[PDB]
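Written out below as structure tokens is the structure these notes cover.
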Amino acid sequence: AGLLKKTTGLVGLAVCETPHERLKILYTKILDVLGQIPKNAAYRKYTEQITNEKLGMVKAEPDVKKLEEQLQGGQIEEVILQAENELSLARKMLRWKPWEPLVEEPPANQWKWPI
Amino acid sequence: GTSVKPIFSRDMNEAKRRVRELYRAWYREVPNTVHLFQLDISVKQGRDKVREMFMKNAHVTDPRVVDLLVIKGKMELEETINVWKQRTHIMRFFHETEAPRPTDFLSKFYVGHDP
Amino acid sequence: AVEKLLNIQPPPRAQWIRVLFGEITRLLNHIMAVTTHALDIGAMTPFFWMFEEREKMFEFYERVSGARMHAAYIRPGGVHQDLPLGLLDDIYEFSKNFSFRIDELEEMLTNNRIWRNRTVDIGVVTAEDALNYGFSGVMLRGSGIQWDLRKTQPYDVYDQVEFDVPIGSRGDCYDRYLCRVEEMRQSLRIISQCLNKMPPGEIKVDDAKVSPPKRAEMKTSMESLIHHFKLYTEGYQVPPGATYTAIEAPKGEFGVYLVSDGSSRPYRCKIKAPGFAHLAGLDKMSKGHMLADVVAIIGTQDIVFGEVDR
Amino acid sequence: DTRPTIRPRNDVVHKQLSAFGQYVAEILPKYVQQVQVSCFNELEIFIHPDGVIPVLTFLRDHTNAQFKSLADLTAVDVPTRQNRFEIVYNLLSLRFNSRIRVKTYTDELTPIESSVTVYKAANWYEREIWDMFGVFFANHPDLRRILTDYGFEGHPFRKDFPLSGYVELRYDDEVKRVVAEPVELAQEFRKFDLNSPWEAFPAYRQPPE
Amino acid sequence: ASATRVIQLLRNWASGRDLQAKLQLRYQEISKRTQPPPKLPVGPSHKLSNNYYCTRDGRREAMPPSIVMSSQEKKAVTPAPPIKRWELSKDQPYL
Amino acid sequence: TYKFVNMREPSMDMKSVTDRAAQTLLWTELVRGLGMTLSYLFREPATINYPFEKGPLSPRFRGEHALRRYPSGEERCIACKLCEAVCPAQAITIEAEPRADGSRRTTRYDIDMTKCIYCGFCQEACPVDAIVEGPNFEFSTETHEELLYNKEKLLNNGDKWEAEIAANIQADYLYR
Amino acid sequence: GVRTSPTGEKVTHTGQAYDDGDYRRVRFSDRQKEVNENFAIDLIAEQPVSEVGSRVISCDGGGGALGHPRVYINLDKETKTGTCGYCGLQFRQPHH
Amino acid sequence: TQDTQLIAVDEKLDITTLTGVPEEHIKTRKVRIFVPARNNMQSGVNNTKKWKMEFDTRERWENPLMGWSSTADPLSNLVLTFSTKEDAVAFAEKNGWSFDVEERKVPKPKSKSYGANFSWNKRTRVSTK
Amino acid sequence: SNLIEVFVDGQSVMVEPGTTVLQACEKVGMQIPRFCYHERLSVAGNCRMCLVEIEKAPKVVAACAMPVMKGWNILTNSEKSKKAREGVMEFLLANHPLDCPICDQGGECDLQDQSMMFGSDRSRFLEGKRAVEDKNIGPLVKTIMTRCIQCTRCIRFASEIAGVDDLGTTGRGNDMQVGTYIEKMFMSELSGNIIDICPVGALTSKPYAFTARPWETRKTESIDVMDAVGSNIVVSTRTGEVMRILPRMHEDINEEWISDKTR
Ligand code: SF4
Ligand code: SF4
Ligand code: SF4
Ligand code: SF4
Ligand code: FES
Ligand SMILES: [K+]
Ligand SMILES: [Zn+2]
């Protein structure tokens, strides 16, 4: 896991001493929440694909620096924060149901430009 | 669509209820405004002005228009209470400097072309 | 923004002039910000020393445009007119001595135990909370966020110039002050390359339906006279559309959302000023601070109300 | 490049933004009405007014979007539309070095949802939209005037609001204070009719009625 | 520049640096206030032939927005490739 | 590329800790500040002796407006109204008519100098170098009304300042 | 030339002067009326007519790029003079 | 069509109380809804395509100081543009402005024949070209 | 039901036989550039500004005078059509006087506007320009004839609409001039209408001279009371002063003409 950093450089972003287990539990939680979303939902398919790719990366790479380099999400604490943000987003999407058809078409020339 | 969404009130009675609450708040505020701003008017004069401002919009029947009028009235009340307005702002409801404009046909005909 | 909507390109010399005077402008703005911050704190002396340099840069502005402050010099299509002969020499003479003045400014503030007592751990903002509050520029990089429009989204010839982006670590007033001082140093560094790499050529797009022709052609050629007339009475028509273009202004990200309906006048022009979002965050950054700290927090968000209020 | 005057077109970013627009439309069909990319590579998402919070939250939080910064929030007045007000969200993604525009619509009497829960930056932008256009934002923590004078009547940035407004201010010595009066101009603003009777851009020609 | 040797030494010592080589007051080093007349170059389209405006008209190459979806196995995508990490400076990593 | 501005950790040995203790107790950096101010006290001030000495300007400087003439004494303005059209502040008011000799000349040419933003767009728009912004910048007035310029006022400005206006134009017209 | 009004007010080159009953003359009391005394019409009237030997002559106002847009003047009418519509200089063919 | 608590409302939209317009400039104004005529000086038709809303012109007097054109009409320069007549009348109605709207005048189609200029027995023959 | 099918940039339109290319483009909302063509006058086809490419046809055609054929595709924006317009505008501007600041047409010209919209932005004419002497045709129309582009609109109007055969052309080639040859007044109740049809400042209104620019005028649409025709007019005003009177089109009353008393 390499030498533990003294700082993440970013204010308010504390160093995670156990980033691998953190990411594993976050990604498994995300995959749990997506299981409730219908199979045909584009959000479910896309987020499952990216979440399982990231989880497989967190499993094929022990060292934190090479994992950070492969993830392309900044530092590992930033990756963890993004995982929490995606977990929150999936929980909200479970209630919003954006896979449903469009609520209402706009008026006839609502977006016509120029008028 | 055929119908529209409300601001707050789903009916005209709800709009009237909020109008009455706002009128109550303004009526109680008037003496504190007269004292605090050191206005040279009487509390009867200020409360009659509040009533006359309310009476301008008595013809409104749309509950959403009534709701927006209540919102703007509460905004004005909060500018008055928090002393964000100056004395000049409070005294602008009373057009003391503007001369009495003509109203009958003959005087308007005498002074110019405006209907 | 207007050139993006017009689908036209300013000439290379105009772009180099624009970058050079943008960095001169950054020096002017950072001098004003740091020195007025210090003057509000109670260090009045650095204000005068650096306002002499500001006066010299005002002279550069006036020599290129005829106005000390409001040049109206950079225009859609390029710049109004070319640099007068000998201007680059004077800019070089000024810039070769300016770092010594930054040194003297730091000799009074950077290590002073009273200046640090008024700026260290004052107005601390979290990086994520800086992002969510819409902060930009030094208010972002003070919290360690590695973001600069001149590098991530370069404009003009900024991709051809080499410089450093100073990054803070504590997100307080002291780190932001250090960032602004080092930005002055990197502005000098950019200005040197602009002086050495200024190319020949015209300084406005050679397309007389956007940029007015030279006065000599206007008085000799029929097309030039017609286009001068029309550009100075109706203006050029901009193809219909909307854009949001932003630059790395000295005070943060300055942008405009410019709507065109196809005519010669803008349909809508929303101006994005970094100071608006920064001053929206004064309440957050002043939490649990004394009254004298709010003066510092306002100074560290450097606020010009001309762009806050528009 | 034998065209030194024309702005160069970058097709790689155009394709990237097109693909991401397809992605966003597919993930949120419930709210996305239209997505388009300009010729200068700017991506816009047209949404139903109900989807402001869902779409904005998705763009902020999705790991493939990460639009953490609200660059600007403004409104545009188009009187010829029944929903005259066009609400524009400009968002920036530091992670993917990209920008996105989200637009919806409203009229004088329909409230837009406040997005202060998505972006803390929206607090003053929504107050400014309310001040200059009169658009109400439901659930705003503190909605009130921000730019105009206290007690100012009207919303100046509406297209039917006059340029100089309706009242002037001056100091009156009789009443010993600044007073407001109907506006009179010693020289009225001189309206210029500048538009050419000839069509400039054929590519934007609207089909005849 | 008129300061005596002793005063120059005193102020150099007090500031800790030789301030006589970087004086903030300008002198004969500046450019002359009267300059030779310029001769500015012409743009790329100052040509007599092969110069039709239809071949260099930027405004008339602008297009209306490309509609990629209107309400009226695919891999996930990002708005752009993820931004590369900035690398430390070589001139001065730590200030 | 980037750099850190405050990412140095102080050394924690005997000599460095004693250095910092001496700096704390003997006020050495405060003495450095006193030295910097003392060094500035012995520098020649940058002040100029106004009005006997003046700030340096350039031929492009945009000051008070003027209406110019040909060497024949004939006015240059042929009342095209381009300056009035382009004026960002609408500070220019023009009325014209055929002159008794048939010339196309103005009968009104007003500049509201309190509306003016001194941008110089009028002298750019002018096809005959009739309206210019001159070098004068010391024309403050004791009343608001003396800043609402007339055609007579602007022509007298032109006759007053033409000698140096023409020299400035000759200095800068090859850039225009 | 600059003349005087019956009230004594100075008449400008546009022919302006308040009438004897106009109250607006009170603005000049204890002051002066600003009148430019160089009437451009009388000045351009003093210039000679050039005897150029061509049917078409060109005039740019003198000083090249510092004059006015270059125009071409027809000199075929033998009763009139061809004058420049920018600067008022007059031209005519030699001795008809 | 959506969960917005659809409340029944009359179809007479009236936003006059919310516009902040002084009462004099609502009842007494009269707006004109029209497609502007083609400027007869030019033969370009690109300005006759949209509908215009203009207010009735009020008094302009002469400024005693400079002779400028003064006004007390805030709506002297207000000109709104619309895509159709219906949009303009809806906007005028919800703003409480009395309006008169005139039908758009378009050129009638015309039969142009160059060969008529050389007619064998008609008056359409031209005597010069 | 005898309509034929033609294409304007691929878009199909059904037109009566005898419809010209210009009209077929006009019914899709595309205005072909023109100087000499007027819909109320006879077709001249001399300015050549309306030249347009027919798809598959090597030679451009005058849109104002050429009847459409079945299956024709009008390429109103092809490169050949643009180059034709640029060449014609260059030829029109070769000898045109540099009078825009002193010409009353400036700001509402047509030559200016179509130079901006369809011609090049620069000149390669390196010679001396033409200059013709002025003609006096009465106290109503100021003829600065060196601005004339020889579109023959005035002559066609005078001969057909007004019925007076006084206008014409003398000479040929580059020195062909529009006028009356002899010194003669152009007196007619409809004489002032040759000012509006003139695309350039060659024919201008003497009363209106030097007095206003097009952009600053406010246009009030009203009715003429000088007679019982009720001609529709536009009243140009500026700073509270009536500036001039223009015709306002009404196909049923006055078309685009007014009488000299009205004007
Ligand atoms: S300088 Fe600018 S604001 Fe002043 S009169 Fe000229 S154009 Fe108008
Ligand atoms: S001053 Fe110049 S631009 Fe203004 S009207 Fe006179 S000639 Fe035209
Ligand atoms: S007719 Fe048109 S192009 Fe010719 S001088 Fe007049 S305004 Fe200029
Ligand atoms: S005078 Fe005018 S209308 Fe007559 S031919 Fe010449 S340009 Fe055409
Ligand atoms: S318009 Fe067809 S040739 Fe003149
Ligand atoms: K004409
Ligand atoms: Zn001349």
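Protein chains get the first letters and strands the later ones, always in sequence-line order, with residue 1 at the start of each.
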task: Test D:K30 against A:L102 for side chain to side chain contact (heavy atoms under 4.5 Å, CB included), laying out the working first.
output: CA-CA 4 Å; D:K30 192 185 168 165; A:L102 182 53; over 6 Å; no

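- Interface residue A:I115: backbone and side-chain heavy atoms are both found under 4.5 Å from chain D.
- The nearest pair of heavy atoms linking A:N85 to D:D61 is O-CB, 3.7 Å.
- Of the listed residues (D:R60, D:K68, D:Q34), the one with the most heavy-atom contacts under 4.5 Å to chain A is D:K68.
- For the atom pair CZ (D:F58) and NZ (A:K92), the distance works out to 14.0 Å, reported to the nearest 0.5 Å.
- In this structure, the portion of A:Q72 lying under 4.5 Å from any heavy atom of chain D is its backbone and not its side chain.
- Interface remark: D:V32 contributes backbone atoms only to the contact with chain A (heavy atom separation under 4.5 Å).
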- prompt: Given the rule in the side chain to side chain contact (heavy atoms under 4.5 Å, CB included) test, do A:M93 and D:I27 qualify, once you have shown the distances and angles that lead to the verdict?
  reply: CA-CA 10 Å; A:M93 297 282 273; D:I27 285 184; 4.0 Å; yes

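- Of the two parts of D:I53, the backbone and the side chain both hold a non-hydrogen atom closer than 4.5 Å to a non-hydrogen atom of chain A.
- The candidate with the highest count of non-hydrogen atom pairs below 4.5 Å against chain A, out of D:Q206, D:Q82, D:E86, D:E26, is D:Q206.
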Working for side chain to side chain contact (heavy atoms under 4.5 Å, CB included), residues A:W99 and D:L28: CA-CA 6 Å; A:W99 38 93; D:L28 314 107; over 6 Å; no

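- Chosen from A:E100, A:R44, A:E84, the residue pairing most often with chain D at heavy-atom distances under 4.5 Å is A:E100.
- Top candidate by heavy-atom pairs under 4.5 Å with chain D, chosen from A:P101, A:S88, A:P106, is A:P106.
- Below 30°, between 30° and 60°, or above 60°: for A:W111 and D:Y105 the angle between ring planes is above 60°, a perpendicular geometry.
- For residues 7-22 of chain A, an interface with chain D (any heavy-atom pair closer than 4.5 Å) does not exist.
- The most heavy-atom pairs under 4.5 Å with chain D, out of A:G73, A:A108, A:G74, come from A:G73.
- Between A:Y43 and D:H62, the ring center distance clears the sub-6.0 Å criterion.
- Of the atoms belonging to D:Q33, heavy atoms from both backbone and side chain fall under 4.5 Å from chain A.
- Of the possible donor and acceptor atoms, none in the side chain of A:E86 sits under 3.5 Å from a partner among the backbone N and O of D:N64.
- For D:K191, the NZ atom counts as densely surrounded, since its 6.0 Å shell holds more than 12 non-hydrogen atoms of other residues, nucleotides or ligands.
- The two residues A:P98 and D:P29 have their closest heavy-atom pair at O-CD, 3.1 Å.
- In this structure, chain A has a heavy atom under 4.5 Å from the side chain of D:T80, while its backbone stays farther away.
- Interface check for chain D: of the options A:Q110, A:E104, A:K112, the most heavy-atom pairs under 4.5 Å are formed by A:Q110.
- In this structure, the side chain of D:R81 does not engage the main chain of A:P107 through any donor-acceptor pair within 3.5 Å.
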